[PDB]
Amino acid sequence: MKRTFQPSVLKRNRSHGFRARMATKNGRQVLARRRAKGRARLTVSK
Amino acid sequence: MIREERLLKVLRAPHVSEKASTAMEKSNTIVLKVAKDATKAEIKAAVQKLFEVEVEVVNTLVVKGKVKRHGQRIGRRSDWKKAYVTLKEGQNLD
Amino acid sequence: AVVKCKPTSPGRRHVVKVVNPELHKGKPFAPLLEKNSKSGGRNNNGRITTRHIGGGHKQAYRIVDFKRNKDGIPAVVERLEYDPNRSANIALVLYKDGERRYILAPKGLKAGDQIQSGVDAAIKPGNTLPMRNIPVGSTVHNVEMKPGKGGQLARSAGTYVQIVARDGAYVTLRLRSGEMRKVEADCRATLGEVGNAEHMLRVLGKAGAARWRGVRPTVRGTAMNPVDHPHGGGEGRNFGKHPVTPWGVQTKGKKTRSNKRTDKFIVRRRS
RNA sequence: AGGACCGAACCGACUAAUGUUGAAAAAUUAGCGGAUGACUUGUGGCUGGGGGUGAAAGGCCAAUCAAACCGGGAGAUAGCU
RNA sequence: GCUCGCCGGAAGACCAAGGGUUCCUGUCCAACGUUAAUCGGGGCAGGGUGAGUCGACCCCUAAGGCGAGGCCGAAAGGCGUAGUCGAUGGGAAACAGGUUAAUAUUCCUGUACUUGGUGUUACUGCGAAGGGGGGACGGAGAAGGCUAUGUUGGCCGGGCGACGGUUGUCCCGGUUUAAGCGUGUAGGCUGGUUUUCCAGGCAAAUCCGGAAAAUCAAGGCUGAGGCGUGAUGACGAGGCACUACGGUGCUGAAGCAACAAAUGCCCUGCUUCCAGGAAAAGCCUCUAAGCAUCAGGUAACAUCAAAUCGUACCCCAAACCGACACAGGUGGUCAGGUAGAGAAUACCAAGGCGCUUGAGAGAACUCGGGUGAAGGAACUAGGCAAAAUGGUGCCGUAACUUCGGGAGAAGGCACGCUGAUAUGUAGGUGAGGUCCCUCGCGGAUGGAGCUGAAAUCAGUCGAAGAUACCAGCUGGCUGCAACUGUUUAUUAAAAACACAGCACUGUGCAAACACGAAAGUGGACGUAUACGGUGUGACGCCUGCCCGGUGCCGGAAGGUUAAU
Ligand SMILES: [Mg+2]
Ligand SMILES: [Mg+2]
Ligand SMILES: [Mg+2]
Ligand SMILES: [Mg+2]
Ligand SMILES: [Mg+2]
Ligand SMILES: [Mg+2]
Ligand SMILES: [Mg+2]
Ligand SMILES: [Mg+2]
Ligand SMILES: [Mg+2]
Ligand SMILES: [Mg+2]
Ligand SMILES: [Mg+2]
Ligand SMILES: [Mg+2]
Ligand SMILES: [Mg+2]
Ligand SMILES: [Mg+2]
Ligand SMILES: [Mg+2]
Ligand SMILES: [Mg+2]
Ligand SMILES: [Mg+2]
Ligand SMILES: [Mg+2]
Ligand SMILES: [Mg+2]
Ligand SMILES: [Mg+2]
Ligand SMILES: [Mg+2]
Ligand SMILES: [Mg+2]
Ligand SMILES: [Mg+2]
Ligand SMILES: [Mg+2]
Ligand SMILES: [Mg+2]
Ligand SMILES: [Mg+2]
Ligand SMILES: [Mg+2]
Ligand SMILES: [Mg+2]
Ligand SMILES: [Mg+2]
Ligand SMILES: [Mg+2]
Ligand SMILES: [Mg+2]
Ligand SMILES: [Mg+2]
Ligand SMILES: [Mg+2]
Ligand SMILES: [Mg+2]
Ligand SMILES: [Mg+2]
Ligand SMILES: [Mg+2]
Ligand SMILES: [Mg+2]
Ligand SMILES: [Mg+2]
Ligand SMILES: [Mg+2]
Ligand SMILES: [Mg+2]
Ligand SMILES: [Mg+2]
Ligand SMILES: [Mg+2]
Ligand SMILES: [Mg+2]
Ligand SMILES: [Mg+2]
Ligand SMILES: [Mg+2]
Ligand SMILES: [Mg+2]
Ligand SMILES: [Mg+2]
Ligand SMILES: [Mg+2]
Ligand SMILES: [Mg+2]
Ligand SMILES: [Mg+2]
Ligand SMILES: [Mg+2]
Ligand SMILES: [Mg+2]
Ligand SMILES: [Mg+2]
Ligand SMILES: [Mg+2]
Ligand SMILES: [Mg+2]
Ligand SMILES: [Mg+2]
Ligand SMILES: [Mg+2]
Ligand SMILES: [Mg+2]
Ligand SMILES: [Mg+2]
Ligand SMILES: [Mg+2]
Ligand SMILES: [Mg+2]
Ligand SMILES: [Mg+2]
Ligand SMILES: [Mg+2]
Ligand SMILES: [Mg+2]
Ligand SMILES: [Mg+2]
Ligand SMILES: [Mg+2]
Ligand SMILES: [Mg+2]
């Protein structure tokens, strides 16, 4: 069957990447939460 | 004119290999490990000055580093840059 | 000319084409074209505002002269063309100085006739002149509402508006709906009925022919669930309620005009 | 000419059997429907939860839908076990 | 290593996406591999990806995103102008051969090409954020011209047969060659040319558009393929030699013709239809300010530059998405033979596999199949499932009907092989020869050679000739829905939804309506032959009575009635 994860790096980075998070206000609050939690990988972006 | 200080930092090492020994004797091409940000003109200027030899053309490729496991900890070697420097005919180099 | 199709397949059983052999069998005039991107009935919010719109054949937009400002300069009619953007056919006209434009084609207009706008224009089908120069009782189309704004009334394929009166600054019109409306006597109008009068005699014949025109299918409201529509629900076919919109506004009879700005311009409503 | 006909690719899923701690969290096998059209498909885009979207089954919205998911109010409340 | 079996419109080959070293070599076998393992996509170490032409970057825009100012909004923010992003589309150029354990249109050999720089020499209207042209566009259909490629002949090399025959109308193998450059062909489009004038193209214009007049019918544009060159090359069966048995070195024949032929190419054509079929830049051209002998412009030649990033490997899969080395899913490209209408299907080529537990035994029972006496739906909720029908041609074909259908109705006959007609026909193809010619990739004539159905007659074999695979069961009555379509991903495909049609009603345009505190946007760059909503649901005949109730519409004299 066709499963729900059909990967595409272009669509992965436009939707969840670094500059897509820094574009909006709430996305900047997402990166502030992950830095407060202390994430190694701060975003998707390789 | 590429500055003389940069040309001393372009070349890292010669690359010893079975393919490197073949290219030296057949196509008269040496194989060099170069700095990663070095371009083809910087290599051609460096080899023509620091080795005193006439360069015909320089082909480059980037070697991706392998992923190794020291013990159980994962790790990745560095990406490095590789240059096939074809000397002109008659020219010779150690 | 209406052409009943022979029933070689169901879906051609009920088709009546409207075949006009005078339309140009070629590409339209390329400088007067521009892109007309489809919408799907969706606004800048992405939501569907108006339903049932979507799909259909790609359509290029034809820039049509409604303002009709080239006064005094006569123009000959080069050819008649098909316009996908509208129900009426359009006419490619050539002015004397070398400018080509598109107008709405009137009823009796054919290729080779001369038209002319301006006040000193004659009264033949095709001329455009302000309605203080047009005699009372004549049928005009492409009528402006404001002077110089461009024609807005009686533009669909077989329509026309009669000029029934004039009292100084205003003329009184008999719109195609039957509504009597006052318009200023300086607004331009184009003589004669507009052309493609047999457009309403077509029958699309099959369901796909409406999808060709970008009309997605309409689900009637009683075929839904009560969360979807006020008509929805029921165990069987139940409709025990007054007919409303999907938003709960009465449809069978309830009036919706709420413009108190233009009430001075309406003489009598439609009947 | 055709929402024309027969029929592969392709799209779909009518019937039966198997399978039901499966090869598979819906499939296989033998048949079956459509197959120039309201067709199908790649890539990219847009619509966000009382909201979307729906040729309308309360269908679908990341194996979840008569109101998604995640975090918070939060140790909701529980005359019940 | 020799056999056997399997795929072969794939279970072969090339990619994109995705993965990220799984690639190659050495070495190791604990764990991992549903068993063992010396093996591996496992561990460990080393090696491997070479570009001016491929791709990305870059130039250009689509949907769309962001958005200076701006407008709007308690705040956050929303929308949007100028702009600036954004491919999945537009935009310069490289092929053949060779080579590595592993890369190659990237290296090597050979032969090209493109765009920029500078520099001389000749030449002199250059100049844009502007004008115009071009780019530049649909579906279906019809042929014609080709090529890829195949077959046969010729040609060259080899063979003379484990068992009867096989020096021949015998067997096997080969018969390959590019981009570029030259030629401008089949064929497609097009009237050219000069001058005068011009309310248009925001100003300008020699350009485009429009008027004239004159002259010439014949110029131009596009164009597959062929031919020549590229190529005295390269490649080539084999031999000749060494042999780490893997290989490496050397040498090298013939290298033609006919016929068939694409879904590829001419073709972004041509014809036709209605549902009327992107944008922008590169490119071409016109002038504006400007520049005046300077700059720039094109022309030749020389020289220089063409960076950076990607390039391994799998890619219908053991490497991607499915927790698995998972019978699933996954877009593009390539398309050999025989039979066949065919990309079906059977068997094969190239190529790749035998699916990572085996060995026995030959119980019940289960699974997937084969055949069956006599009967033939008695089974059963129900002919569920099985079985049967199945092709082509010709004959023939009912009720009913919207005259299209029904209909492949039903039903039946023929079908192999060989010979003859005819040592291969009709047809196709079309060489020499001859004639003509604005002379060529020309036009006739001409029929060699090749290819080749179909039919009749005669004969002959079997139980059976559409012999396998493949491949409609048919008819009668009737309910519902007109139909094609749609739907509950994962128990419901239906009479449900949709539908063309019909009607009611709203809506005069800053439309009704919808999304939005708003600005705005959709409706729609539409204008009552239009748009929204609602019901009904092709078509045919029709659609009766009731306005008391509940709604809606119209009324404005009276009663009642809010803030004030
Ligand atoms: Mg090179
Ligand atoms: Mg590179
Ligand atoms: Mg509608
Ligand atoms: Mg309707
Ligand atoms: Mg409906
Ligand atoms: Mg329902
Ligand atoms: Mg409700
Ligand atoms: Mg009922
Ligand atoms: Mg009732
Ligand atoms: Mg069909
Ligand atoms: Mg479905
Ligand atoms: Mg199946
Ligand atoms: Mg079919
Ligand atoms: Mg229900
Ligand atoms: Mg779900
Ligand atoms: Mg909710
Ligand atoms: Mg709730
Ligand atoms: Mg609380
Ligand atoms: Mg609790
Ligand atoms: Mg590894
Ligand atoms: Mg390997
Ligand atoms: Mg190994
Ligand atoms: Mg062991
Ligand atoms: Mg083991
Ligand atoms: Mg390994
Ligand atoms: Mg390129
Ligand atoms: Mg934009
Ligand atoms: Mg701002
Ligand atoms: Mg914005
Ligand atoms: Mg850009
Ligand atoms: Mg692209
Ligand atoms: Mg490109
Ligand atoms: Mg390889
Ligand atoms: Mg332009
Ligand atoms: Mg086409
Ligand atoms: Mg050929
Ligand atoms: Mg023998
Ligand atoms: Mg013998
Ligand atoms: Mg032979
Ligand atoms: Mg050539
Ligand atoms: Mg590769
Ligand atoms: Mg494969
Ligand atoms: Mg698999
Ligand atoms: Mg396995
Ligand atoms: Mg085949
Ligand atoms: Mg097959
Ligand atoms: Mg196995
Ligand atoms: Mg047994
Ligand atoms: Mg049987
Ligand atoms: Mg029996
Ligand atoms: Mg027997
Ligand atoms: Mg019997
Ligand atoms: Mg019985
Ligand atoms: Mg019984
Ligand atoms: Mg059955
Ligand atoms: Mg059967
Ligand atoms: Mg009954
Ligand atoms: Mg039906
Ligand atoms: Mg159907
Ligand atoms: Mg279901
Ligand atoms: Mg089902
Ligand atoms: Mg508006
Ligand atoms: Mg109904
Ligand atoms: Mg009634
Ligand atoms: Mg009443
Ligand atoms: Mg009454
Ligand atoms: Mg009232």
# chains A, B, ... in the order shown; residues from 1 in each chain; ligands from 1
$ interface_residues --of "chain E" --to "chain B" --cutoff "12 Å" --atoms "only C-alpha atoms (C1' of nucleotides)" --output "PDB file with C-alpha atoms (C1' of nucleotides), in the first residue's frame"
ATOM      1  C1'   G E  20      23.959   8.005   1.737  1.00  0.00           C
ATOM      2  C1'   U E  21      29.480   4.407   0.872  1.00  0.00           C
ATOM      3  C1'   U E  25      39.830  -4.820  -2.883  1.00  0.00           C
ATOM      4  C1'   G E  43      32.712  -6.430  11.333  1.00  0.00           C
ATOM      5  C1'   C E  44      37.724  -4.123  10.229  1.00  0.00           C
ATOM      6  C1'   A E  45      41.337  -1.686   7.065  1.00  0.00           C
ATOM      7  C1'   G E  46      42.496   0.459   2.404  1.00  0.00           C
ATOM      8  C1'   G E  47      40.861   2.273  -2.311  1.00  0.00           C
ATOM      9  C1'   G E  48      37.325   4.570  -5.552  1.00  0.00           C
ATOM     10  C1'   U E  49      33.334   9.517  -7.858  1.00  0.00           C
ATOM     11  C1'   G E  50      38.161  13.792 -12.608  1.00  0.00           C
ATOM     12  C1'   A E  51      33.431  17.957 -17.050  1.00  0.00           C
ATOM     13  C1'   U E  99      40.733   2.385 -20.943  1.00  0.00           C
ATOM     14  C1'   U E 100      39.999   1.115 -14.392  1.00  0.00           C
ATOM     15  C1'   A E 101      39.482  -4.099  -9.441  1.00  0.00           C
ATOM     16  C1'   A E 102      36.054   0.088  -8.971  1.00  0.00           C
ATOM     17  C1'   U E 103      34.680   6.688 -12.749  1.00  0.00           C
ATOM     18  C1'   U E 106      34.172  13.964 -17.044  1.00  0.00           C
ATOM     19  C1'   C E 107      40.365  10.345 -18.244  1.00  0.00           C
ATOM     20  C1'   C E 108      43.035   9.043 -23.061  1.00  0.00           C
ATOM     21  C1'   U E 109      43.138   9.095 -28.692  1.00  0.00           C
ATOM     22  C1'   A E 305      38.501  32.667 -19.921  1.00  0.00           C
ATOM     23  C1'   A E 307      34.459  29.212 -12.103  1.00  0.00           C
ATOM     24  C1'   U E 308      31.733  26.517  -8.120  1.00  0.00           C
ATOM     25  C1'   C E 309      28.707  22.186  -6.750  1.00  0.00           C
ATOM     26  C1'   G E 310      26.888  17.108  -8.225  1.00  0.00           C
ATOM     27  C1'   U E 311      29.023  12.599 -10.661  1.00  0.00           C
ATOM     28  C1'   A E 312      30.422   5.920  -6.492  1.00  0.00           C
TER      29        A E 312
END
$ residues_near_ligand --ligand "ligand 7" --cutoff "12 Å" --atoms "only C-alpha atoms (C1' of nucleotides) and all ligand atoms" --output "PyMOL selection string"
chain C and resi 221-222+224-233+241+244-248
$ write_last_selection --atoms "N, CA, C and O atoms" --output "tab-separated table (two decimals), in the first residue's frame"
chain	number	residue	atom	x	y	z
C	221	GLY	N	-29.26	20.27	-1.04
C	221	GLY	CA	-29.04	20.41	0.39
C	221	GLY	C	-29.71	19.34	1.22
C	221	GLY	O	-29.25	19.02	2.31
C	222	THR	N	-30.80	18.76	0.73
C	222	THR	CA	-31.49	17.75	1.51
C	222	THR	C	-30.81	16.40	1.44
C	222	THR	O	-31.21	15.49	2.16
C	224	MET	N	-27.89	15.78	2.50
C	224	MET	CA	-26.77	15.91	3.40
C	224	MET	C	-27.19	15.47	4.80
C	224	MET	O	-28.30	14.98	5.02
C	225	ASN	N	-26.29	15.63	5.71
C	225	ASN	CA	-26.44	15.43	7.13
C	225	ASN	C	-26.71	16.77	7.79
C	225	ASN	O	-26.37	17.81	7.23
C	226	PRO	N	-27.34	16.81	8.98
C	226	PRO	CA	-27.71	18.10	9.56
C	226	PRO	C	-26.54	18.97	9.96
C	226	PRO	O	-26.73	20.18	10.13
C	227	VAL	N	-25.35	18.41	10.12
C	227	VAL	CA	-24.17	19.22	10.37
C	227	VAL	C	-23.77	19.99	9.13
C	227	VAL	O	-23.19	21.08	9.23
C	228	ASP	N	-24.13	19.50	7.95
C	228	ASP	CA	-23.67	20.10	6.71
C	228	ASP	C	-24.57	21.23	6.24
C	228	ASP	O	-24.08	22.27	5.79
C	229	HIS	N	-25.87	21.05	6.34
C	229	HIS	CA	-26.82	21.95	5.73
C	229	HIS	C	-28.04	21.96	6.64
C	229	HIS	O	-28.26	21.00	7.37
C	230	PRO	N	-28.80	23.05	6.66
C	230	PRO	CA	-30.05	23.02	7.42
C	230	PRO	C	-31.06	22.04	6.87
C	230	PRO	O	-31.85	21.49	7.64
C	231	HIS	N	-31.03	21.76	5.57
C	231	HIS	CA	-31.93	20.80	4.96
C	231	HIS	C	-31.55	19.36	5.24
C	231	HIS	O	-32.39	18.47	5.02
C	232	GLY	N	-30.34	19.10	5.70
C	232	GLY	CA	-29.86	17.74	5.78
C	232	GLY	C	-30.52	16.94	6.89
C	232	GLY	O	-31.13	17.47	7.80
C	233	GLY	N	-30.38	15.64	6.77
C	233	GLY	CA	-30.88	14.72	7.77
C	233	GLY	C	-32.07	13.93	7.28
C	233	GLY	O	-32.37	13.87	6.09
C	241	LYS	N	-39.24	21.59	6.65
C	241	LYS	CA	-38.71	22.87	7.08
C	241	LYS	C	-38.71	23.83	5.91
C	241	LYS	O	-38.80	23.41	4.75
C	244	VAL	N	-34.06	27.15	2.85
C	244	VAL	CA	-33.06	28.15	3.17
C	244	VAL	C	-31.80	27.89	2.37
C	244	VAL	O	-31.67	26.89	1.67
C	245	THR	N	-30.84	28.81	2.49
C	245	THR	CA	-29.48	28.72	1.99
C	245	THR	C	-28.69	27.69	2.79
C	245	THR	O	-29.22	27.16	3.77
C	246	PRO	N	-27.43	27.39	2.46
C	246	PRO	CA	-26.59	26.69	3.43
C	246	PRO	C	-26.29	27.48	4.69
C	246	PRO	O	-25.77	26.91	5.64
C	247	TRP	N	-26.61	28.77	4.73
C	247	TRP	CA	-26.34	29.61	5.88
C	247	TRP	C	-27.62	30.05	6.57
C	247	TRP	O	-27.58	30.96	7.40
C	248	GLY	N	-28.75	29.45	6.24
C	248	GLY	CA	-29.96	29.68	6.99
C	248	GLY	C	-30.73	30.91	6.61
C	248	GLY	O	-31.41	31.50	7.46
$ interface_residues --of "chain A" --to "chain D" --cutoff "10 Å" --atoms "only C-alpha atoms (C1' of nucleotides)" --output "list in words"
residues 1, 3, 4, 5, 10 and 11 of chain A
$ write_last_selection --atoms "N, CA and C atoms" --output "compact mmCIF listing (two decimals), in the first residue's frame"
# COMPACT_ATOMS: atom_id res chain seq x y z
N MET A 1 0.83 -1.19 0.00
CA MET A 1 0.00 0.00 0.00
C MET A 1 0.87 1.24 0.00
N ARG A 3 2.05 4.27 1.86
CA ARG A 3 2.07 4.67 3.26
C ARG A 3 2.22 6.18 3.38
N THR A 4 2.06 6.69 4.60
CA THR A 4 1.84 8.12 4.77
C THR A 4 3.10 8.95 4.72
N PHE A 5 4.27 8.36 4.64
CA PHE A 5 5.50 9.13 4.55
C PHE A 5 6.10 8.92 3.18
N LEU A 10 13.00 18.79 -0.63
CA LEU A 10 12.51 20.14 -0.90
C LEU A 10 11.26 20.45 -0.10
N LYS A 11 10.33 19.52 -0.05
CA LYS A 11 9.12 19.74 0.72
C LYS A 11 9.38 19.61 2.21
$ residues_near_ligand --ligand "ligand 26" --cutoff "9 Å" --atoms "only C-alpha atoms (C1' of nucleotides) and all ligand atoms" --output "list in words"
residues 53, 54, 55, 92 and 93 of chain E
$ interface_residues --of "chain E" --to "chain A" --cutoff "10 Å" --atoms "only C-alpha atoms (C1' of nucleotides)" --output "ChimeraX atom specification"
/E:17-18,66,76-77,320-322,328-330
$ select_by_dssp --residues "region 94-215 of chain C" --states "helix (DSSP H, G or I)" --output "tab-separated table (two decimals) with N, CA and C atoms, in the first residue's frame"
chain	number	residue	atom	x	y	z
C	197	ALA	N	-27.90	35.91	-30.37
C	197	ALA	CA	-29.21	35.84	-29.75
C	197	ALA	C	-29.68	34.41	-29.53
C	198	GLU	N	-29.19	33.47	-30.32
C	198	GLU	CA	-29.58	32.08	-30.21
C	198	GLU	C	-28.67	31.29	-29.28
C	199	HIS	N	-27.94	31.98	-28.41
C	199	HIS	CA	-27.12	31.31	-27.41
C	199	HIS	C	-27.94	30.51	-26.42
C	200	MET	N	-29.13	30.99	-26.05
C	200	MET	CA	-29.93	30.29	-25.06
C	200	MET	C	-30.61	29.05	-25.61
C	201	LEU	N	-30.48	28.77	-26.89
C	201	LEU	CA	-31.10	27.60	-27.48
C	201	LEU	C	-30.21	26.37	-27.39
C	208	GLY	N	-20.62	15.98	-18.67
C	208	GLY	CA	-19.28	16.47	-18.91
C	208	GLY	C	-19.24	17.82	-19.56
C	209	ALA	N	-20.28	18.19	-20.30
C	209	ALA	CA	-20.28	19.47	-20.98
C	209	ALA	C	-20.42	20.63	-20.01
C	210	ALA	N	-20.92	20.39	-18.81
C	210	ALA	CA	-20.88	21.43	-17.79
C	210	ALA	C	-19.54	21.45	-17.08
C	211	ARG	N	-18.86	20.31	-17.00
C	211	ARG	CA	-17.52	20.29	-16.44
C	211	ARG	C	-16.51	20.91	-17.40
C	212	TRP	N	-16.83	20.96	-18.69
C	212	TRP	CA	-15.98	21.66	-19.64
C	212	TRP	C	-15.99	23.15	-19.38
$ select_by_dssp --residues "region 53-231 of chain C" --states "strand (DSSP E)" --output "VMD selection string"
chain C and resid 60 to 62 74 to 81 90 to 95 100 to 104 114 to 116 128 to 130 139 to 141 143 to 144 151 to 153 161 to 167 170 to 174 180 to 184 188 to 191
$ interface_residues --of "chain E" --to "chain C" --cutoff "6 Å" --atoms "only C-alpha atoms (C1' of nucleotides)" --output "PyMOL selection string"
chain E and resi 200+209-210+275+404+483+499-500+505+514-515+521-522+527-529+533+552
$ residues_near_ligand --ligand "ligand 23" --cutoff "9 Å" --atoms "only C-alpha atoms (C1' of nucleotides) and all ligand atoms" --output "ChimeraX atom specification"
/E:29-30,36-37
$ interface_residues --of "chain D" --to "chain C" --cutoff "6 Å" --atoms "only C-alpha atoms (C1' of nucleotides)" --output "PDB file with C-alpha atoms (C1' of nucleotides), in the first residue's frame"
ATOM      1  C1'   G D   3     -18.671  11.040 -21.061  1.00  0.00           C
ATOM      2  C1'   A D   4     -19.226   5.243 -28.586  1.00  0.00           C
ATOM      3  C1'   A D  38     -16.802  14.132 -15.395  1.00  0.00           C
ATOM      4  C1'   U D  47      -7.392  25.760   2.135  1.00  0.00           C
ATOM      5  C1'   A D  55     -20.503  14.051  -7.600  1.00  0.00           C
ATOM      6  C1'   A D  56     -22.676  13.748   0.363  1.00  0.00           C
TER       7        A D  56
END
